[PDB]
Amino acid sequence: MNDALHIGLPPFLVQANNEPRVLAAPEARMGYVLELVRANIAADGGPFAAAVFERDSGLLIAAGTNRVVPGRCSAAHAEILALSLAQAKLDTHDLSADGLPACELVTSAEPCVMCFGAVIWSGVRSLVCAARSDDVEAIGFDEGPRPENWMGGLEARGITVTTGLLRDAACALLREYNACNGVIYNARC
């Protein structure tokens, strides 16, 4: 607690980070990220997941999910975990460091203003999102104040941006979380 910043990973996320995995097509990468969303929701976390891949080979470097409530840490969004775990594994703060393959972050949702800045500092060269900011806000979450034309912001820093990839499935998982997110017991959740 008090000698380190320590956010524990639920087993399914340990498993995801331990098992070698190559997913070539963007839809394959996002399909896998959306499996983590569903698993995270069943392990007490928020409806968001993200993974860092080698952009050109499809090799999964590290995955993260939203652990804000179970990990008691408002910074524990999926993207922060995924980026930080990828950095720890490749032993550098800078995923663009000399000698590293170009890295891509694939995220179940467009980033909040915090994760937006994290993406910029991280060194990934591309960002691929499923759910749009409006989908996320629809179930009550807040993206916070991003700068005007944040996507342009990214591209002007050499970070390519794609969004809407498997958005339908991503929206369906947001709604499942929402519909199970009350206090009144509903066997079915």
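When you see a residue number, it is the position in the sequence shown, counting from 1.
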ask   = Looking only at CA atoms, which has the higher mean B factor in the entry: 131-139 or 51-59?
value = 131-139
request  = Taking the mean of the C-alpha B-factors per stretch from the entry, tell me the winner out of 114-122 and 98-106.
outcome  = 98-106
ask   = Among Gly64, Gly164, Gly152, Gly31, which residue carries the highest C-alpha B-factor recorded in the PDB entry?
value = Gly152
query = Out of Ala24, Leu13, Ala179, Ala172, which one has a C-alpha B factor higher than all the others in the entry?
reply = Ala179
ask   = Can you tell me which third, lowest, middle or highest, the CA B-factor of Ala39 falls into for its chain?
value = middle
note = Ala156: CA temperature factor from the record, placed by chain third, in the highest
